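1. Just the first chains of my complex for now:
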Amino acid sequence: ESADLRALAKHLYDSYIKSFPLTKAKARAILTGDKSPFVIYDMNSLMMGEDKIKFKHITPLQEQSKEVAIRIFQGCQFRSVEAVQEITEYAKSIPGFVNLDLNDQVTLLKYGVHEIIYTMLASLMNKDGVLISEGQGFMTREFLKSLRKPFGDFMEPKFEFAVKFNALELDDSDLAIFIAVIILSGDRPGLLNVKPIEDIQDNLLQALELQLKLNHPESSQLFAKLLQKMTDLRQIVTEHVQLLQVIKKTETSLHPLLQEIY
């Protein structure tokens, strides 16, 4: 299967490039240095970001959008909903995924997206900030903590995680297989037929292993260090879910249909 593990690597990688717009390599050239991004570092660079970046897709809903930080978080959610559809599409590219019990595919997706969103979010951030709206922007890190209430402490966890994660220096070729592994997680609650999901992940894990040893001769035991990060992820996700609690001690095209889209 030495060749059968490359076939799978190349294939996943192709679906990855086709399902995701902004890639690792991509977002990396931007973060480090033609068309520089618009940096959001304070209140005015944001108010100015609204129109300029036109990312406003998430804003136009007049009457609700009137308090900063609610509008940023609201934007964290619109792009998230977007990404879920991209993740879902990538899933179907994973050999055997489509052939599983439909309830399980939904279940795998229901619990795998949050882990996949943070993994990729790392591709878009550095110790100093995160790339937003397709790459047209860069919302600084300090500004994010500059948000108040539980808001100014929800992005700082992910920055800490991203820093450790990106240190592994993984590329799109690598992440593609990693993303799939997370999806084919046989321990998600409510699964009806775990065997098939495990066979697939294992077949995926072999390919990831071969992928990491060929692409990073230099880094000993990278396979192991990467699998360990799945721990940081679960904490990051459980933590995140807690943040969604207090944010209820906050509020709660008219909103009555927005709430239902999320």
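-> Noted; the coordinates are in hand. Numbers count the residues shown, from 1 in each chain, chains lettered A, B, ... in the order given.

2. What is the burial count for residue A:33?
-> 6 (other Cβ atoms under 10 Å). All C-beta spots, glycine's among them, are computed from the backbone N, C-alpha and C.

3. What separation do you get for it and residue A:70?
-> 33 Å (Cβ to Cβ, to the nearest Å).

4. for residue A:210, same thing?
-> 46 Å.

5. Mind checking which of those two has more residues around it?
-> Neighbour count, other Cβ under 10 Å: between residue A:210 and residue A:70, residue A:210 has more, with 20 against 17.

6. Check which helix or strand the more buried one maps to.
-> Assigned by DSSP states H and E, residue A:210 belongs to helix A:194-215.

7. Please work out which residues outside that helix touch it.
-> Here helix A:194-215 makes contact (Cβ atoms under 8 Å, 6 or more residues apart in numbering) with A:1-2, A:5-6, A:8-9, A:12, A:94-97, A:99-100, A:104, A:108, A:171, A:173-174, A:177-178, A:180-181, A:184-186, A:191, A:219, A:222-223, A:226.

8. Return the members of the residues you listed classed as buried.
-> Buried members of the contacts of helix A:194-215, counted by 16 or more other Cβ atoms under 10 Å: A:5, A:8-9, A:12, A:94, A:97, A:100, A:104, A:108, A:171, A:173-174, A:177-178, A:180-181, A:184-186, A:191, A:222-223, A:226.

9. Can you tell me the SS state at the residue nearest to residue A:183 when sequence neighbours are not counted?
-> Leaving aside its chain neighbours, residue A:183 sits nearest to residue A:112 (4.5 Å; criterion: Cβ to Cβ, 6 or more residues apart in numbering). Assigned with DSSP: H, G, I helix; E, B strand; the rest coil, residue A:112 falls in the helix class.

10. Quick check: residue A:112 vs residue A:127, distance?
-> Residue A:112 is 27 Å from residue A:127, by Cβ to Cβ.

11. Just want to know which of the two has more residues nearby.
-> Neighbour comparison, residue A:112 and residue A:127: the larger count goes to residue A:112, with 21 against 10 (by other Cβ under 10 Å).

12. so what's that one up against?
-> A:87, A:182, A:183, A:185, A:188.

13. All the helices of the stretch 151-262 of chain A, residue numbers only.
-> Ranges of helices within the stretch 151-262 of chain A are A:155-166, A:172-183, A:194-215, A:222-246, based on DSSP state H, counting those that start in this stretch.

14. In CSV, list the ones you listed along with distance to residue A:253.
-> Listed next are the helices of the stretch 151-262 of chain A as CSV, based on distance: least, Cβ to Cβ, whole Å:
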stretch, distance to residue A:253
helix A:155-166, 27
helix A:172-183, 33
helix A:194-215, 39
helix A:222-246, 23
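
15. one more, chain B:
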Amino acid sequence: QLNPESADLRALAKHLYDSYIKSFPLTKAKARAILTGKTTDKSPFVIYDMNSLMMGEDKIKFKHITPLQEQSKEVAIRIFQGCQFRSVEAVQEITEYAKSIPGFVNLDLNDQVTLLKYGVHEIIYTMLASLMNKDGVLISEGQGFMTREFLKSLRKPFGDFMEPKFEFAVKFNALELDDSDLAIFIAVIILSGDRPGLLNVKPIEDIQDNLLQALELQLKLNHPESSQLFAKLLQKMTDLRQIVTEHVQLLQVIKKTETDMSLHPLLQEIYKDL
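-> Let me put chain B in with the others:
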């Protein structure tokens, strides 16, 4: 076949296995022999109720579990106290096992303490697995056995500390690991690096890297028929964080309902800021 390279990782394995046997009285091997029946002299006294909870104190040695403290209006707490002194003892053994891990004592004394502070519990529940089956857990060096049901019926809060452990033990035992594997695994666990506040991550990492290499070689050599057990084992480390956190997130609650119950000092310096 076998080259300079591997040969070194194999000696590390034999080295840790040997320290592990030397550090923990009740190994998985002994524990399995007790639970399965290859014995007429190792059979445990079963506790599934007060009737036998009472009987137990008689046949199987205690009052080293039940420290200076007569009884207590209810059993749920007396057990708890036991699992407390036993746990602190495990920390002790785990601590002597750590020292044997090559390079571990050569690190900054503060780092050493950090690895133990977070490693101790993940290691306790890993080993605690060895003493369990879907139906219960061995106690008192193997002399007793407390049913999974007795434990889940205990008083409202206390009858809730052990189920998650059983939940993990069953999944984890399905890996069918043995003492020689666990020794290397428990070793990787201590030598994390991503532990909070570590003053010097590099050396810690260079060590784990080697242990991971030893574990990878051990697993394939020991479970050739078990594909990706290496990765499957690493993924298990997340169930541990969750067991740990859940426990701590259960400990605090008792620190209010029971203003009269006590925590071992040590045991507090572990959970502090956990």
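
16. ok chain B is in now, so what about the contacts of residue A:112?
-> Shown in contact with residue A:112 (Cβ atoms under 8 Å, 6 or more residues apart in numbering or on different chains): A:87, A:182, A:183, A:185, A:188.

17. now, which of the residues you listed sits nearest chain B?
-> Nearest to chain B out of the contacts of residue A:112 is residue A:185 (Cβ to the nearest Cβ; 8.4 Å).

18. could you pull out the strands for the stretch 1-150 of chain A?
-> Taking DSSP state E, counting those that start in this stretch to define them, one finds strands in the stretch 1-150 of chain A at A:38-40, A:125-126, A:129-130, A:137-140.

19. Which residues does the longest one contact?
-> Counting by Cβ under 8 Å, 6+ apart, strand A:137-140 makes contact with A:31, A:37-41, A:49, A:53, A:55, A:72, A:128-132, all of which sit outside it.

20. again, 10 Å this time
-> Strand A:137-140 is contacted by residues A:30-31, A:36-42, A:45-46, A:49, A:52-53, A:55, A:72, A:75, A:124-126, A:128-133, A:146, A:155 when judged by Cβ atoms under 10 Å, 6 or more residues apart in numbering or on different chains.

21. Would you mind listing what in chain A touches chain B?
-> A:164, A:181, A:185-187, A:198-199, A:201-206, A:208-209, A:219-235, A:238 (Cβ under 10 Å from any Cβ of the partner chain).

22. ok, 8 Å please
-> Contact residues, chain A versus chain B (Cβ under 8 Å from any Cβ of the partner chain): A:164, A:187, A:202, A:205-206, A:209, A:220-221, A:223-224, A:227-228, A:230-232, A:234-235, A:238.

23. and the nearest residue to residue A:41 once chain neighbours are set aside, how many neighbours?
-> The shortest distance from residue A:41 to any non-neighbouring residue, by Cβ to Cβ, 6 or more residues apart in numbering or on different chains, is to residue A:140 (4.5 Å). For residue A:140, the count of nearby residues is 16 (other Cβ atoms under 10 Å in any protein chain shown).

24. Over to residue A:67?
-> 9.

25. Please determine how far it is located from chain B.
-> 32 Å (Cβ to the nearest Cβ, to the nearest Å).

26. Now that residue, what are its backbone angles?
-> With angles defined as degrees, to the nearest 10, residue A:67 sits at phi -140, psi 100.

27. Please name the residues that touch it.
-> With Cβ under 8 Å, 6+ apart, residue A:67 has no contacts at all.

28. and the gap between it and residue A:73?
-> Residue A:67 is 10 Å from residue A:73, by Cβ to Cβ.

29. Would you list the buried entries among the residues of chain A next to chain B?
-> A:202, A:205-206, A:209, A:221, A:223-224, A:227-228, A:230-232, A:234 (16 or more other Cβ atoms under 10 Å in any protein chain shown).
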